[PDB]
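> There's a structure below that I have some questions on.
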Amino acid sequence: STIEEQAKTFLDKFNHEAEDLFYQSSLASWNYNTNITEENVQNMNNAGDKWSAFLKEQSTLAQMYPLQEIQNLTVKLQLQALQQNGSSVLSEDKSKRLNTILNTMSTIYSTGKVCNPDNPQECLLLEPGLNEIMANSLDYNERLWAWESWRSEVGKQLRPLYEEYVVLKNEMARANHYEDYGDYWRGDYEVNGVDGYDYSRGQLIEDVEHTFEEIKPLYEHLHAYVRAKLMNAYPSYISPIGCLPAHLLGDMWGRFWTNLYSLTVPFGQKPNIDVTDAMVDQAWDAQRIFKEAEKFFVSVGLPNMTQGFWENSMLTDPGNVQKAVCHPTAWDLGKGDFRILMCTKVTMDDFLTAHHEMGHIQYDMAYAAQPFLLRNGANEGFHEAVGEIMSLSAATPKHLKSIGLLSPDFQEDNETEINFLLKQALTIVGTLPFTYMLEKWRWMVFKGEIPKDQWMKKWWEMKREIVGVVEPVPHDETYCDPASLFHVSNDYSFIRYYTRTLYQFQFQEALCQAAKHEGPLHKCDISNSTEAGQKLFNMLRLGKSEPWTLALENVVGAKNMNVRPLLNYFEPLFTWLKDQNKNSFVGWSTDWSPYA
Amino acid sequence: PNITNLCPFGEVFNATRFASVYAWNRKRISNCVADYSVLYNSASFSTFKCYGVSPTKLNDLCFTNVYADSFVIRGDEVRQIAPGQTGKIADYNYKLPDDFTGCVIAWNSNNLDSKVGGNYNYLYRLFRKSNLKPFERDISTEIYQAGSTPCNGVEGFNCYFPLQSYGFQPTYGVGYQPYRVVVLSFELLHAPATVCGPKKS
Ligand SMILES: *[C@@H]1O[C@H](CO)[C@@H](O)[C@H](O)[C@H]1NC(C)=O
Ligand SMILES: *[C@@H]1O[C@H](CO)[C@@H](O)[C@H](O)[C@H]1NC(C)=O
Ligand SMILES: *[C@@H]1O[C@H](CO)[C@@H](O)[C@H](O)[C@H]1NC(C)=O
Ligand SMILES: *[C@@H]1O[C@H](CO)[C@@H](O)[C@H](O)[C@H]1NC(C)=O
Ligand SMILES: *[C@@H]1O[C@H](CO)[C@@H](O)[C@H](O)[C@H]1NC(C)=O
């Protein structure tokens, strides 16, 4: 008789058929990834095309039910994801051209080689290649050569493709009643229809700036300390006042500064935490790693893994001919099928990655009772932050001494905490200006504030202003330097990594106050405390059924993203860096003083 | 006397293929002796609730009519098969009365009913105009008219086929794996009762 009952019946039908077809698609993708075979590629293509055609047909049927006669907010949340036309609002020619453009972005980015000009005799791809020379080599000239070669090649390949991509995406977003495609990316954080908890998608570009203006002194001190320390390896190439050259940061894009820790460790004579030789002397195994992770999870009060998880996951390289994608991915196939695809070695980093992926798995099992549309994170940052909680908790000396891995008489003095917090800073606060700059550049490009002839000038200007990195040689619009990154070339939103890095410290402070930890936040372990686990599970269980502001307020008491836990986490490191930079040039002006 | 001519519970429980829940089989059991203690001693049954009896009262009380109803459901709605529950199977597929006097027997059948490509043969009724009466059966495939528009037998935006298939693949989690469920109904009428427990000689 009414609209809402018809909508609820349609949603039930869509939930059942979508669970079936999504399980088929996810099983096909799993069989492709754990078993590289062209038949599996064809099967995964067929399953993905069937799911895409089904989603397009049910999106066509969803427009017949108007939203403004529906009073139930859960029905609105389930129906808004169906009523989005997506790329289908374009013509068939434009949609086919956009799909072909995205595919050739993927194939160009995947197939890059590092062959020397006038020496084409032998070279590798990026992953056995550029990662090794950019991460481990201390030489200036070969790093500059690799940087210039890769960026020049992928810039000349990807420059007009990205221009057609931004034009087509702007047309698709303007047809879909959004202002721009960057505004379409901000639609994930938009909350409407809940009074008090409303969050406009234009408020996100205010909140990100408001958090970054309080990040900025800490990043200035970190950059000053790094620039002072980098003089020891590059005496003449860098200046004490100006910004850093781009190819010295230990990563191909400057996204993570983790590889610069070995060059910039404060106290090398102190025995740092390794727990890898002690792991291999105790003769651990991947099964032992994941069993200790599951023992850590049930200490907090989370439910343990199913037997199907243990019998179906691929935790070890399967064999000779069965090649697989070794990237760490947690898989939620639906219908109670949870499994982890991540190849393991006896490594502390693999232990932390196992904690990360098992946290993603626990987050996926938490919203299993939700209907199919609401089986997702509250925003795109929550699902990545929940694993980072487990990564921060497992890295503590208290958790390592609890499991008998670390030596019991290991002393946690000042230096052994400062050098660990510096590594955590190079992992975490180092990615913040690069992430905020990249998303601001993409938002200005998608908005149309930057013309074609000013892309690279504005990009390098904002890099010098925000990140404090100068280009090694001058570049022009014939290249497209930011498109060399995976996420921008493969149409991924990148603001998830900023929000992940603030929500992880908000959640960590909330759980450590819940776990009654009287010490500092970096030494806090949220293990063995059921009262923290219930508070965590109360927001894990919601899924997309609640606004992300309300789910955030359920655990931290604040309905907006906040930056103070990140600052008070790094507070001893901040005080040590402020006492370290008494005479060095803290901060920077925009300049070309190292290289013109 | 000697005990021979037992009830064929092995015919019901150990059947090769069970029925789907929208068309559940009902078998009348009469004029035989039944060993419920043998059923209880079998550890394979993952769920054994009795709502008006104990196995001791199963052995010590004679009954007139025993109806074995058998179907396949998922693990999550095993708790739905109970007196007074509300849920999709309990509303549209198989309704138990509030004053039920019987036993509900359920065990996992993932190693028989599941197959790798999906056993879509096990159906269930998703939409119906009204809830069922207790022990009602409806094998009708009438197109569900959710809106004011007539269906005229064809598929449409508001006219849905009422039956949906379970997937039942062996990689499913617990709660989505198939569970063979046998429900026994015990009642007394104005008739000579004949079914009763075995006698210790
Ligand atoms: C992996 O792929 C090969 C390619 O034919 C196939 O023979 C093999 O059975 C696959 N592995 C598994 C576990 O199915
Ligand atoms: C929305 O619908 C669901 C399913 O019928 C119901 O459980 C929930 O209470 C409804 N919400 C409101 C606010 O009426
Ligand atoms: C999970 O934990 C429960 C209760 O501690 C236990 O009964 C069950 O066997 C555990 N399952 C696994 C796979 O460890
Ligand atoms: C957590 O509790 C267990 C059980 O007593 C204990 O073995 C372990 O040492 C505890 N962990 C910490 C960090 O106290
Ligand atoms: C079913 O099969 C099992 C195993 O063969 C057997 O022990 C049992 O007696 C059979 N009948 C019943 C009613 O369980």
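Chain identifiers are assigned as A, B, and so on, following the order in which chains appear in the structure tokens; residues are numbered from 1 within each chain, and ligands are numbered from 1 in order of appearance.
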Running DSSP on the backbone, which parts of range 95-307 of chain A land in strand (DSSP E or B), as a list in words?
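DSSP on the backbone gives strand (DSSP E or B) at residues 116, 119, 191, 199, 244 and 245 of chain A.
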> Can you pull out every residue with an atom within 8 Å of ligand 4? Use only C-alpha atoms and all ligand atoms and format it as a ChimeraX atom specification.
/A:299,398-399,401-403,525,527-528
> Show me, as a tab-separated table, the residues of chain A having an atom within 9 Å of ligand 2, each with the closest atom pair and its distance in Å, using only C-alpha atoms and all ligand atoms.

```
residue	atom	partner	partner_atom_place_in_ligand_line	distance
A:5	CA	ligand 2	5 (O)	8.8
A:8	CA	ligand 2	5 (O)	7.4
A:71	CA	ligand 2	14 (O)	7.4
A:72	CA	ligand 2	12 (C)	4.8
A:73	CA	ligand 2	13 (C)	6.4
A:74	CA	ligand 2	1 (C)	5.7
A:75	CA	ligand 2	1 (C)	6.5
```
> Would you output that residue set with N, CA and C atoms, as an mmCIF file, in the first residue's frame?

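Listing of selection24.cif after writing:
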```
data_model
loop_
_atom_site.group_PDB
_atom_site.id
_atom_site.type_symbol
_atom_site.label_atom_id
_atom_site.label_comp_id
_atom_site.auth_asym_id
_atom_site.auth_seq_id
_atom_site.Cartn_x
_atom_site.Cartn_y
_atom_site.Cartn_z
ATOM 1 N N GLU A 5 7.020 -0.234 2.471
ATOM 2 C CA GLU A 5 6.915 -1.691 2.509
ATOM 3 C C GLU A 5 7.414 -2.312 1.207
ATOM 4 N N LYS A 8 11.144 -2.094 1.344
ATOM 5 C CA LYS A 8 11.722 -3.098 2.234
ATOM 6 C C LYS A 8 11.729 -4.479 1.593
ATOM 7 N N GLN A 71 10.453 7.144 5.671
ATOM 8 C CA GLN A 71 10.758 7.712 6.978
ATOM 9 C C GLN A 71 11.880 6.971 7.696
ATOM 10 N N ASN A 72 12.090 5.696 7.379
ATOM 11 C CA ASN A 72 13.090 4.890 8.070
ATOM 12 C C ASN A 72 14.468 5.197 7.497
ATOM 13 N N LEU A 73 15.410 5.536 8.380
ATOM 14 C CA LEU A 73 16.724 5.990 7.936
ATOM 15 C C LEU A 73 17.580 4.846 7.413
ATOM 16 N N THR A 74 17.392 3.632 7.941
ATOM 17 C CA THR A 74 18.149 2.483 7.449
ATOM 18 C C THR A 74 17.756 2.125 6.023
ATOM 19 N N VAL A 75 16.469 2.251 5.695
ATOM 20 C CA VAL A 75 16.010 2.047 4.327
ATOM 21 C C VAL A 75 16.607 3.101 3.405
#
```
> Give me, as a count of residues only, all polymer residues having an atom no more than 7 Å from residue 55 in chain B, counting only C-alpha atoms and skipping those fewer than 2 positions away in the same chain.
6
> Can I get the residues close to ligand 5 as a list in words, where close means within 10 Å and we count only C-alpha atoms and all ligand atoms?
residues 7, 8, 9, 10, 11, 12, 13, 14, 15, 35, 36, 38, 39, 40, 41, 42, 44 and 45 of chain B
> For chain B, list the residues within 12 Å of chain A, counting only C-alpha atoms, and write the list as a ChimeraX atom specification.
/B:74-76,88,116-120,124-129,144-149,156-177
> Please identify the helix (DSSP H, G or I) residues within range 67-113 of chain B (assignment by DSSP from backbone atoms) and present them as a list in words.
residues 88, 89, 90, 91, 92, 110, 111, 112 and 113 of chain B
> List all protein, DNA and RNA residues that have an atom no more than 8 Å from any atom of ligand 1, counting only C-alpha atoms and all ligand atoms, and report them as a ChimeraX atom specification.
/A:31,34-37,321-322
> As a ChimeraX atom specification, please: every protein or nucleic acid residue near ligand 3 (cut-off 8 Å, counting only C-alpha atoms and all ligand atoms).
/A:298,303-307,310
> How would the residues just chosen look if you wrote them out with C-alpha atoms as a short mmCIF file (atom, residue, chain, number, x, y, z; two decimals), in the first residue's frame?

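Produced file part.cif, reproduced below:
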```
data_model
loop_
_atom_site.label_atom_id
_atom_site.label_comp_id
_atom_site.auth_asym_id
_atom_site.auth_seq_id
_atom_site.Cartn_x
_atom_site.Cartn_y
_atom_site.Cartn_z
CA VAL A 298 40.32 -13.06 22.81
CA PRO A 303 35.28 -13.53 19.25
CA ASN A 304 37.84 -15.97 17.92
CA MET A 305 38.25 -17.17 14.35
CA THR A 306 36.15 -19.86 12.73
CA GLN A 307 37.53 -23.24 11.69
CA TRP A 310 42.01 -21.84 9.52
#
```
> Could you list, as a list in words, every residue within 7 Å of range 137-140 of chain B, counting only C-alpha atoms and ignoring same-chain residues fewer than 2 positions away?
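Final neighbour list, sorted by chain and number: residues 22, 23, 135 and 142 of chain B.
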> Export, as a compact mmCIF listing (two decimals), in the first residue's frame, the selected residues with C-alpha atoms.

```txt
# COMPACT_ATOMS: atom_id res chain seq x y z
CA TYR B 22 8.78 -24.70 1.83
CA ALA B 23 7.64 -28.25 0.98
CA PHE B 135 1.66 -26.94 10.77
CA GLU B 142 1.99 -17.54 -6.78
```
